[PDB]
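Okay, here we've got a single chain as structure tokens, the form deposited without the ligand, with questions on binding and movement later.
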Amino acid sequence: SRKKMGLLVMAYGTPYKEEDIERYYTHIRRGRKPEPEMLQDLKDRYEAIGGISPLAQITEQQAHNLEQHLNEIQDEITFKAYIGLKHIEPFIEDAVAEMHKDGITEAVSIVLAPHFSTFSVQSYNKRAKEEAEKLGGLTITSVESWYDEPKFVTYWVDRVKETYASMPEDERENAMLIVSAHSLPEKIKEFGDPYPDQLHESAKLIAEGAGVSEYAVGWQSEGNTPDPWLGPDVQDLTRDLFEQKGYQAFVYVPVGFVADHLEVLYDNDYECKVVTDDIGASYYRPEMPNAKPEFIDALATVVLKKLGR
């Protein structure tokens, strides 16, 4: 009696093994193969954060935990998860084609990134739709942004509360909360991209929920292009913030990301850690959503909200 639907979970993509690093970054760098040194540096970082295999993994766990959860919290629809990545196979078009081939005709998609941006989300969505329109006999309703879904906000708030709870009294009274997301070229402002505002909004929601009156919005992981990127970068923000007020502890909430990937384990847990360690402040960075039940239910609700269920 159930209606079959495709669950197109989209993401970035992540190397599966060390030997993928090259083509992965080459894809990311639009056909520009990293120099031998970059390559060696990149392998080192991945080794430094615990290896690669666990990364691509999380996304797979996120898709399937959601597929099963959605299939048990309601009995009108039976979902079948499909992973569409951006920089590695299975690519978005690939997933779409598979669904079509499997006979899917009605699908709903979601990107594993809370905030909407013309650069990423709109693109993954427009690509998924043009693939379906190309094959025909397949429609897709795409979720644009879910950074504001209450259960998702609740997740970050609860983690932050525990982190502040864990602090000594003197740190609890002199800490700084740094909410962040992947940086993006400033040019997106040309199109009125809500990305920056959604981040600030995520930051206002979380701080307000955890009862934090001292916090700042920042960006990280910016790429390499002549044109300027969204800032200030978390490294400079921390140092500058310490410079003017002298916070004894910093809390990083990379709300933009949903798991333990490079951008967090290294760019946060190492780069920001280097700076807090230099200024003598304490480093804190709450557990990422990953495939945890609480997170899956939030995503599940977002999908059901998108369907009017």
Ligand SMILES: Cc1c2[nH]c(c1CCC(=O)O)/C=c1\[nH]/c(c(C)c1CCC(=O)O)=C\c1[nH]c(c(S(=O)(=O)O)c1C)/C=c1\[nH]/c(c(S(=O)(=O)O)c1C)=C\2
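The numbering used is simple: start at 1 and walk along the sequence shown. The term rigid core refers to the maximal set of C-alpha atoms that superpose within 1.5 Å between the two forms.
### Query
in 6 other deposited structures of this protein, superposed on the rigid core, which stretch sits farther off in Cα RMS terms, 38-46 or 256-264?
Most displaced of the pair in 6 other deposited structures of this protein: 38-46.
### Task
Just give me the stretch that moves more in 6 other deposited structures of this protein: 211-219 or 224-232, judged by RMS C-alpha distance after a core fit.
Clearly, after the core fit, the stretch farther away in 6 other deposited structures of this protein is 224-232.
### Task
Report the stretch with the higher mean CA temperature factor, choosing between 67-75 and 169-177 on the basis of the entry.
Per the PDB entry, the higher value belongs to 169-177.
### Task
Look over 222-230 and 108-116 in the entry and identify the one with the greater average Cα temperature factor.
Result: 222-230.
### Query
Per the coordinate record, which of the options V143, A207, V153, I92 holds the highest CA temperature factor?
Answer for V143, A207, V153, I92: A207, with the highest C-alpha B-factor.
### Query
Going by the entry, which third of its chain does the Cα temperature factor of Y124 land in?
For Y124, whose C-alpha B-factor we compare with every modelled residue in the chain, the answer is the lowest third.
### Message
What third of the chain does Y147 rank in for C-alpha temperature factor, lowest, middle or highest?
### Response
Tercile = lowest for this residue's CA B-factor.
#### Entry: Chain third (lowest, middle, highest) by recorded CA B-factor, residue given as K245
It falls in the top third of the chain.
### Lowest, middle or highest third - CA B-factor, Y24
Within its chain, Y24 is a lowest-third residue by C-alpha B-factor, going by the deposited values.
### Query
Going by what the PDB entry lists, where does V157 fall on CA B-factor within its chain: lowest, middle or highest third?
Answer is lowest: the recorded C-alpha B-factor places it there.
Not on display, but discussed next: the form solved in complex with the ligand.
### Query
Should this chain be marked open or blocked when the ligand, placed as in the deposited complex by superposing the nearby C-alphas, has its atoms checked against backbone and C-beta atoms at 2.4 Å, with 3 or more hits meaning blocked?
Site status: open.
#### Entry: Partner contact for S221 in the deposited complex: the ligand, 4.5 angstroms, heavy atom
Answer yes; at least one heavy atom of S221 falls within 4.5 Å of the ligand in the deposited complex.
### Task
May I ask you to state whether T225 is within 4.5 Å of the ligand in the deposited complex, using heavy atom distances?
Close contact exists here: in the deposited complex, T225 approaches the ligand to within 4.5 Å, heavy atoms only.
### Task
Would you check, heavy atoms only and a 4.5 Å threshold, whether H100 touches the ligand in the deposited complex?
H100: no, not in contact with the ligand in the deposited complex.
### Query
Does any heavy atom of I28 come within 4.5 Å of a heavy atom of the ligand in the deposited complex?
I28: yes, in contact with the ligand in the deposited complex.
#### Entry: Partner-facing stretch of 275-283, 64-72, 28-36, 246-254, counted where any non-hydrogen atom is within 4.5 angstroms of the ligand in the deposited complex
Every other range fails; the passing one is 28-36.
### Query
What is the one choice in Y215, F91, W229, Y164 with a heavy atom within 4.5 Å of the ligand in the deposited complex?
Selected option: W229.
### Query
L184, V234, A132, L199: which sits within 4.5 Å of the ligand in the deposited complex by any heavy atom?
By the 4.5 Å criterion, the partner-contacting residue is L184.
### Task
Any residue of 7-21 with a heavy atom within 4.5 Å of the ligand in the deposited complex counts; write them all down in order.
Going through 7-21 in order - heavy atoms within 4.5 Å of the ligand in the deposited complex - there is one hit, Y12.
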